[PDB]
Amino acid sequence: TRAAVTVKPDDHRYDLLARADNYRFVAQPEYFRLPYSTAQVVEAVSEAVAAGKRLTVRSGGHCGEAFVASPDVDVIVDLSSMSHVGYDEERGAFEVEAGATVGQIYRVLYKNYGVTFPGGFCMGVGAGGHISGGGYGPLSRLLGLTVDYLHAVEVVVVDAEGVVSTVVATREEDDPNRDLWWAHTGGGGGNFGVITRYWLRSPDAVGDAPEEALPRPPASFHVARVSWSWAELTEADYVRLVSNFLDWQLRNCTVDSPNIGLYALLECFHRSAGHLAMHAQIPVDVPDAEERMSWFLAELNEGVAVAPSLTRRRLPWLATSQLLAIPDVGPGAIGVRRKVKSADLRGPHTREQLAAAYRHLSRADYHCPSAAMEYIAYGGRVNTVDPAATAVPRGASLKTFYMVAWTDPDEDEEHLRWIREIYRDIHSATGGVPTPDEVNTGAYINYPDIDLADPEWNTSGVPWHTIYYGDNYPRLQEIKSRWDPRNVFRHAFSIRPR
């Protein structure tokens, strides 16, 4: 029963609320509204619609682009005081308010019930944007995607006459709003309405105890953390190491691999970081787990002159996950300007692509220790659901991620140049982007990159929405037109009505 908070520019809170994970994008709304209940979210939306104010929602503030914080946004509804996480006995499902962050969700579900779901590895990421986009992370090979556990979603929606209401859309075959549910299984945030809460549960959960409503993770993991110095690293070294990584991953990316429990992430930093790094984990209860880690690490070095430094240890699951998570505070999180890009794979990068990568990663006229591209193990259980049943593209065996991070606004041009040119040269056979084909599956909507709609950087002729949604876009457009006929919810990459 606390009234919703309104923060105008004369309130000291305004400048803080204007800043989220990417300091490139400082919001300047008329006001921020912090509601405490779904009813208050309806009130906020209804006010903005009545006066034609442009409204966007913020949950965790992790957007890679200015979708929330665009200068033309008049009202930001910030859901960070709606962060409740708990078992909803009536639905047999864990209720997660949109303002809950992934770090907090995991701690609560694990300690109280012993359960988890396969969401990302960054602590401050909001449920609101994360889940609707097709959340994944380190347990996805074993458990699938977050949306594989999406039982129901509560959404504040706006009809053609501007009347604002709340609907609960569920997974059930007879649900008349099942289309709205489907759109939230990969359609991405900022598109259909304000998500106020999600409900999560295994579709085949046994009984009705919470301890059975979501999967139990493996109890403990063998963890390896590895690094290769840049000092003596040569193009030959780099290209063989990455090719060995992709080789091994592509042989081991299905539920049939006895190595499917093994997850690894290869972080190819720019030379100025001093090392390439990898982390890997495998559950203790996999047949011959410790040796499987050894086999994998051996194959990696086979044909590589740089010997990696290597630390190996055993940890409980939640510690493993926290050890690898990205902090939401400290110099890596706060006051940081960023640019991210994304491209997903179902076959290897060629020798030529990797040498192109090398040129930019080894470039000595550039200095940015945070500049990197990453190769992220994927597949497994992600790829054995019926793909039609959710909106997220499936078929990638492996994900790639590029990022640069800096603090000085004066260096914007060089960091943006660096990342744009590396991504372009890697995809220079396919118009500078990962056009869905035999090798590329496209890109991930939770790492949006407006350069994909920029004819200077995308010369492929393939539109941004095909890269992010494949064949699912026309269905998303139909649902959008049904549920947001006035196009209240929009941004540079929002689903365009027909």
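So that there is no doubt, residue numbering starts at 1 and follows the sequence shown.
- Taking the mean C-alpha B-factor of each stretch as recorded, 160 to 168 and 179 to 187 are not equal, and the higher mean is that of 160 to 168.
- Of the two stretches examined, 150 to 158 and 354 to 362, the record assigns the greater average C-alpha temperature factor to 354 to 362.
- The residue among 83, 140, 243, 202 whose C-alpha carries the highest B-factor in the deposited model is 243.
- Per the PDB entry, 300 shows the highest C-alpha temperature factor of the residues 145, 376, 300, 391.
- Residue-level temperature factors show residue 238 in the highest third of its chain, judged at the C-alpha atom.
- Compared with the other modelled residues of the chain, the Cα B-factor recorded for residue 28 ranks in the middle third.
- Ranked by Cα temperature factor within the chain, residue 34 sits in the lowest third according to the deposited record.
- Residue 455 sits in the highest third of its chain by CA B factor, as recorded in the PDB entry.
- For residue 220, the recorded CA B-factor ranks within the middle third of the chain. Only modelled residues enter the ranking.
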